[PDB]
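Protein chains in written order, with PDB author numbering: chain X, 1 to 136; chain F, 9 to 136; chain B, 139 to 207; chain V, 3 to 128; chain Y, 3 to 178; chain A, 414 to 482; chain U, 1 to 37; chain P, 621 to 685.
Notes follow once the structure below has been shown.
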Amino acid sequence: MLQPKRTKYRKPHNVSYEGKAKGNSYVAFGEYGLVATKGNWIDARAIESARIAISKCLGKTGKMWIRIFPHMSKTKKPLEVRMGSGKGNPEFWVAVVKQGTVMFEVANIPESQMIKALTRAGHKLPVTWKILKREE
Amino acid sequence: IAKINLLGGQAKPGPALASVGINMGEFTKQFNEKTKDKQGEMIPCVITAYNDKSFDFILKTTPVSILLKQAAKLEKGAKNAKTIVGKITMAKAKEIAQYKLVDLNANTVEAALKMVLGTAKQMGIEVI
Amino acid sequence: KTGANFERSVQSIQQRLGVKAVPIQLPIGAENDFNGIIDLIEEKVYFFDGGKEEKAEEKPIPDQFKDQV
Amino acid sequence: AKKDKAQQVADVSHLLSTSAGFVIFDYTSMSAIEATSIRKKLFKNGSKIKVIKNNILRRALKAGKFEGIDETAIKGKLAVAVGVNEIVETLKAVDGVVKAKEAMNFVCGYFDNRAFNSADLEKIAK
Amino acid sequence: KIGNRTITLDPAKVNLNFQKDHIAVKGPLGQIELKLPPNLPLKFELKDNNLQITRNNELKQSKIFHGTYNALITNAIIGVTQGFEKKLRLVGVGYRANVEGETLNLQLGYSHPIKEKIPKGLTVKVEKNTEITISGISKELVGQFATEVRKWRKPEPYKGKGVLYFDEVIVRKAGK
Amino acid sequence: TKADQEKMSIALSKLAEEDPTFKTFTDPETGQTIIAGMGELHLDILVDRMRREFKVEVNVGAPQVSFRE
Amino acid sequence: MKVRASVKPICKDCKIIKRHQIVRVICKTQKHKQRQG
Amino acid sequence: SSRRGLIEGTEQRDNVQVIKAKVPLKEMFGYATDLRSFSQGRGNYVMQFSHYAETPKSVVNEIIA
RNA sequence: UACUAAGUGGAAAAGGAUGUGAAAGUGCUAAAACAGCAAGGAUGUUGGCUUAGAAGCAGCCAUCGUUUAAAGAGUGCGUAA
RNA sequence: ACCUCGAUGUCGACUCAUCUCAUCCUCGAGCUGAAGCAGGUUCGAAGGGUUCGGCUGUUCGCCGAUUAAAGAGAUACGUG
């Protein structure tokens, strides 16, 4: 789904996400936030699914910001072929989730509806969802 | 036992008094010879089963929420909070309050006026 | 048939109409044991030949239903 | 809570100590339409008709001109009939509410400060 | 809760004999025995014209057992001094009932005739053949007997036809 | 089929005298038969009369209304 | 009933019950019951 | 009520109650089958003419293909 | 010395749960809180738009006043209003 | 490609079957926008059994007669 319109390199290593939280692990603009539990790979398809689900349950006045992006691309070898003969080929773009980072923030919506929307979104993404209130 | 928004003249319209157990004419004669001055508006009436509904009848003058429009020279209000168009004069306010006094159990004219201004919000009108 | 009775029928015939119709003959028992008739003017009558009724045998009124006449 | 309880106790105790004519009864099953009708009967009087809690009434009677707690906090329904200074229109309301029920069983209070039982209060009412 | 609730007793009409296996309660309405597991934690105190049972120890299992035994004694007393009655209505086209000896036979639309053995200790009253009155002192056994009677026929939602409890009323269902 | 319609006209003519209170209209805008009856079984017996003696069998359609403008 | 892996109350009468150490839900409405979690 | 009618009221006669309402003539065919299915052959219908009215949205599209 | 009532032990995921117990504080209460019971739970109000009278309650909506301890154009059911 | 390439003769078919249950019928139950009849969902249940023909080396596939029902896999797509 989401994708930069120009990338210098085509076949980079995917990630080594093991460690602690990095980057956005707290709410910046939104009043409620989704925080994961373990680092994995997520495809832009699931991210878009979660976002559209939120927007569908989102009010016309509420606003949301995404704190992640499919920065890297997925690379798998084609089907039923032997091992070797160079690397694979690029595929759909993939975002990496670290340990306990925050990836979506929402604001301007009744708090119960906020929790409902976050719970709705959390079942699309492989990581384990957790809710956080605005911690200024 | 039921609640009826009966007419002011005859008592035929409304399938809530033709299936209670009282002859139509037997009560319509008294309703026409007693409520002759109160014909021309939907007037609620109260009935109850005592043996077969042969007695225990009372009138309730029309509520001041659709009359309120006509009382303040407004043709029709609205369903939501709408623009202020109508206004009832003070003398007409006392007249309406003392006409409703029969209907209400309110202990003073001010209580009735407060009730009317409480229901005077679905049409954007001022009762004073 | 299963679900029929005499007293209920002879009450409902007047509950719905009220023509004051009153039975003359008396059916024996109910649905399954109905094989004879007690007339108000004639004595007991019984039906012997099943499958094809051709003879009606008259018999005196017994004790228990005598008052029933 | 206890604070609101005590504040209302003090307020109602003062209100009842100021007044002299105050009688309560247990006549049972009072209804809101019956309450409205009997209030129409008591409309002339500033007398209030209601039922107040038992602890507050018991403390009001403790500060209440021949205290007695056996019936102001016990004995079921406690229907409050307080006519301040004049309890004549309140007496009319009492008569009306006696008519509203099968009979009158006087519980507590009196017509200005000398507690008498139902042997004469029924005659006083009618 | 109900463990602190009073347990009204009448020794002049009811004798309560404590056998650790079966408590024997005897009254003008008969005699009942309570089969109990060994070493019930609850302690029983009998006053003048009253009884009250508590738990010697404090435990979740003991907490449940306190209310359980309090309820058992309460229902036993109510049965032995007042009794229990259950009223049933058999609504149907031609569904009737009769009782012979200690066995209740039915008249249903079933091709196979329907009968039900009645155990001792309970009395069946059939004034109308559509009305059943089960009287006893054993509430649990009365309920069980009613359930065993109703397993052949229960009120259908598509048309009320079965054993109503004189209060069991549901919403009308009709595909037609 | 128009031949079956022509024979059906004669069939209605031959069945009208059977019940003078049986009604058949002929709409001017749509010159087709308009049957009337006392319910479902009435239509069944009429269609049986058409399809047995006259051997003309017709499928039910839908009524038409004047629908002024 | 409905065999599920996650059960939530549907109406006020829908109570999470446990029979024979088996978690189910109960309700007088016949469209709400489930079983086995 | 389940048919969006206009029950003007009910008159009383010797042994019956008669609802005076309005039903479209298009919506009038087959009413006897439902009346029997709702009154078990005892309810009866009288279909008189009082006035015309604008057809609903269904008829205006039924007329033109 | 506690936890455990699954034999966890003796394989296990999302997710679900008045799970068991403990800790940290958070509301009250013996002046009887709360559960239940004898009850009360009214008056404009069939408020009108919509729609039959849809109008305590097909739906919409301002929706506040009055007696009062307490009552909502009613918490729902339920209905033709 | 880690035993086997100094040895596992391999596919379909016949005979002979067997094991398991993610259960086809027969069995039962719960519920249903299931009036009944005709239904559907889910569960328990492996006790039993579950065709013959035309095309074709062929499984499959298509058709016909059907049959209460013509299950899903494995036992080296069993069986030299």
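Yeah, the Cβ is synthetic: ideal placement off N, Cα and C, and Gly gets one too.
CA nearest to the CA of residue i, picked from the options
i: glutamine 21(Y); options: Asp12(Y), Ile136(Y), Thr8(Y), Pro39(Y); result: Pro39(Y)
i: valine 11(V); options: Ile54(V), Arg41(V), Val82(V); result: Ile54(V)
i: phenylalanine 65(F); options: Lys122(F), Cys53(F), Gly94(F), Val72(F); result: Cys53(F)
i: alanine 95(V); options: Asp6(V), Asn57(V), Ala75(V), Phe24(V); result: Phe24(V)
i: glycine 33(X); options: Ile47(X), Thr75(X), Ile115(X); result: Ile115(X)
i: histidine 20(U); options: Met1(U), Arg35(U), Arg4(U), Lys28(U); result: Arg35(U)
i: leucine 626(P); options: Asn635(P), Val643(P), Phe669(P), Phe658(P); result: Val643(P)
i: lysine 415(A); options: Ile447(A), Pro441(A), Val471(A), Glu466(A); result: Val471(A)
i: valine 109(V); options: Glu91(V), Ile71(V), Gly98(V); result: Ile71(V)
i: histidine 671(P); options: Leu645(P), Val679(P), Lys677(P), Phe649(P); result: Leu645(P)
i: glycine 30(X); options: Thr119(X), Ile109(X), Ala121(X), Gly59(X); result: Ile109(X)
i: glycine 189(B); options: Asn173(B), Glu180(B), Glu145(B), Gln206(B); result: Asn173(B)
i: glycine 98(V); options: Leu18(V), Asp6(V), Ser19(V), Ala37(V); result: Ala37(V)
i: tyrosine 9(X); options: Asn89(X), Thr37(X), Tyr26(X), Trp41(X); result: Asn89(X)
Residue i - partner residues in DSSP beta bridges
i: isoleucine 131(X); result: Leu34(X)
i: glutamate 35(Y); result: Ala26(Y)
i: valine 23(U); result: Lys18(U)
i: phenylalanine 45(V); result: The partner list for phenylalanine 45(V) (beta bridge, DSSP) is empty, contrary to what the question assumes.
i: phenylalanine 438(A); result: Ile447(A)
i: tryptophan 65(X); result: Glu105(X)
i: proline 52(F); result: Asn13(F)
i: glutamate 133(Y); result: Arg91(Y)
i: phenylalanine 669(P); result: For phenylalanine 669(P), which the question treats as bridged, DSSP gives no partner whatsoever.
i: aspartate 43(X); result: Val94(X)
i: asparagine 100(Y); result: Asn107(Y)
i: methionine 72(X); result: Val94(X)
i: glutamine 637(P); result: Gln632(P)
i: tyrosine 184(B); result: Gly174(B), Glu195(B)
CB of residue i within 8 Å of CB of residue j, strictly
i: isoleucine 151(B); j: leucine 164(B); result: no
i: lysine 197(B); j: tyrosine 184(B); result: yes
i: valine 135(F); j: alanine 101(F); result: yes
i: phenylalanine 86(Y); j: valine 144(Y); result: yes
i: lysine 61(F); j: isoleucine 30(F); result: yes
i: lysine 141(Y); j: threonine 83(Y); result: no
i: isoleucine 116(Y); j: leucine 124(Y); result: no
i: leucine 82(F); j: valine 124(F); result: no
i: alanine 75(V); j: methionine 32(V); result: no
Check: residue i C-beta below 7 Å from any heavy atom of the ligand HEM
i: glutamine 33(Y); result: The ligand HEM is absent from the structure shown, which contains no ligand whatsoever.
Proximal chain F residues relative to residue i, where beta-carbon distance stays under 9 Å
i: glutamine 668(P); result: Result: empty, since nearest Cβ-Cβ is about 18 Å, beyond 9 Å.
Interface residues of chain Y facing residue i [CB-CB closer than 9 Å]
i: residue 213(B); result: Any answer about residue 213(B) is impossible in this case: the structure gives chain B only from 139 up to 207.
Neighbouring residues, chain F, relative to residue i (Cβ below 8 Å)
i: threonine 675(P); result: Near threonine 675(P) there are no residues of chain F at all, since even the closest Cβ is about 27 Å away, more than 8 Å.
Under 7 Å from the C-beta of residue i: neighbouring residues of chain F
i: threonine 38(V); result: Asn113
Contacts that residue i makes with chain P (C-beta to C-beta distance below 7 Å)
i: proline 476(A); result: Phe649
Closer than 8 Å at the beta carbon, the chain Y residues around residue i
i: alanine 142(B); result: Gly96
Chain-ordered neighbours of residue i on chain P, where CB pairs are closer than 9 Å
i: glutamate 470(A); result: Within chain P, no residue comes near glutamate 470(A); the closest Cβ sits about 22 Å away, beyond 9 Å.
i: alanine 26(F); result: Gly629, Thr630, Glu631, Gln632, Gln637
Beta-carbon neighbours of residue i, restricted to chain P and to distances below 8 Å
i: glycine 17(F); result: Ordered by position in chain P, no residue passes the 8 Å Cβ test against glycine 17(F), which lies about 14 Å from the chain.
i: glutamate 453(A); result: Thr653
i: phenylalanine 467(A); result: Neighbours of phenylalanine 467(A) on chain P: none; closest Cβ ~25 Å, over 8 Å.
Within chain B, the residues that residue i reaches when beta carbons sit closer than 9 Å
i: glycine 164(Y); result: Simply none; closest approach about 15 Å.
Meets three-Cβ-pair contact criterion under 8 Å: the segment 103 to 123 of chain V and the segment 40 to 55 of chain Y: no
Using 8 Å as the threshold, is the segment 27 to 34 of chain Y in touch with the segment 97 to 112 of chain Y, meaning 3 or more CB pairs across them? no
Whether or not the segment 75 to 95 of chain X and the segment 106 to 126 of chain X are in contact is what I'm after, with contact meaning three or more pairs of Cβ atoms, one per stretch, closer than 8 Å; do they touch? no
Decide yes or no for the touch test of the segment 162 to 170 of chain Y against the segment 89 to 101 of chain Y: beta carbon pairs closer than 8 Å, at least 3 of them. The segment 162 to 170 of chain Y is in contact with the segment 89 to 101 of chain Y.
The segment 85 to 105 of chain V touching the segment 15 to 32 of chain V, judged by at least three CB pairs closer than 8 Å: yes
Using 8 Å as the Cβ pair cut-off and three pairs as the minimum, do the segment 91 to 101 of chain X and the segment 63 to 75 of chain X touch? yes
Is the segment 15 to 25 of chain F touching the segment 52 to 70 of chain X, taking contact as three or more C-beta pairs under 8 Å? When Cβ pairs closer than 8 Å are counted between the two stretches, the segment 15 to 25 of chain F is seen not to touch the segment 52 to 70 of chain X, the count staying below three.
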